[PDB]
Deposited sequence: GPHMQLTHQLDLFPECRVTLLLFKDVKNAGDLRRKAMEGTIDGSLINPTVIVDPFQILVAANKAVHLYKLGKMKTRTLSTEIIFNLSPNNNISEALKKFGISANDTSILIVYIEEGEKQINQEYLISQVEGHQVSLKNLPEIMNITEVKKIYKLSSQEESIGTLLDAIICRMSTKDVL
């Protein structure tokens, strides 16, 4: 149990917080609450996250378009999730990178520029863990499938590198 927080370098008054949970029993209810907005924040599938940098890049771009009023989706919480996908199909991105009712691991990401974190955590029927546990949750075969990563890309860099390059340029084709 321990959060990870990072300031956004381009938006220095903004702090991004990551919370990781395992053995979650109520992913369906959590999904409904985030949809209704009662739970403030992005509920993300941790099995396809290879490094917090992936989250922070998605968050930076989301806040950027939030402040410009040019988000592709309707809320900052969905925009963060959408930015993780390599594709521009919104419903697919939210299905693949958001949580579904059967999931037992969940990552919560929120941004402040103040939320009662204890109450947020109490809503999860599960056990919070350090983000140092993320690599044990990540499923590399699912990551390579969603991002369509090739051996060619892995020969000149990391999987994270290829993921980020895809995330960051999908908006200019």
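Unmodelled segments of the deposited chain, in sequence order: 1-2, 116-118.
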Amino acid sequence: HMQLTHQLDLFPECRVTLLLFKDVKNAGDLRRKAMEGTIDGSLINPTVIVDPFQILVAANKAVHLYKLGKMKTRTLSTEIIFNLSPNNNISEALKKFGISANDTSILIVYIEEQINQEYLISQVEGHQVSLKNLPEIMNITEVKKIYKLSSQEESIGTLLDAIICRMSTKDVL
From here on, numbers count along this sequence of modelled residues.
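Just so we're on the same page, rigid core means the largest C-alpha set that superposes within 1.5 Å between forms.
Comparing 115-123 with 144-152 by root mean square Cα distance to the shown form in 5 other deposited structures of this protein, with the rigid core used for the fit, gives 144-152 as the more displaced stretch. Take 157-165 and 20-28, fit the other structures onto the shown form by the rigid core, and average the C-alpha distances in 5 other deposited structures of this protein: the farther stretch is 157-165. With 46-54 and 25-33 compared on mean CA B-factor from the PDB entry, the stretch scoring higher is 25-33.
As the entry records it, the average C-alpha temperature factor is higher for 97-105, out of 97-105 and 74-82.
Note on the listed residues 20, 160, 16, 149: the highest Cα temperature factor in the record is that of 149. Per the PDB record, residue ranking by Cα B-factor puts residue 67 in the middle third of the chain.
Split the chain's modelled residues into thirds by C-alpha temperature factor. Residue 140 is in the middle one.
Residue 59: CA B factor in the lowest third of modelled residues in this chain (values from the PDB entry). Among all modelled residues in its chain, residue 4 ranks in the middle third by Cα B-factor.
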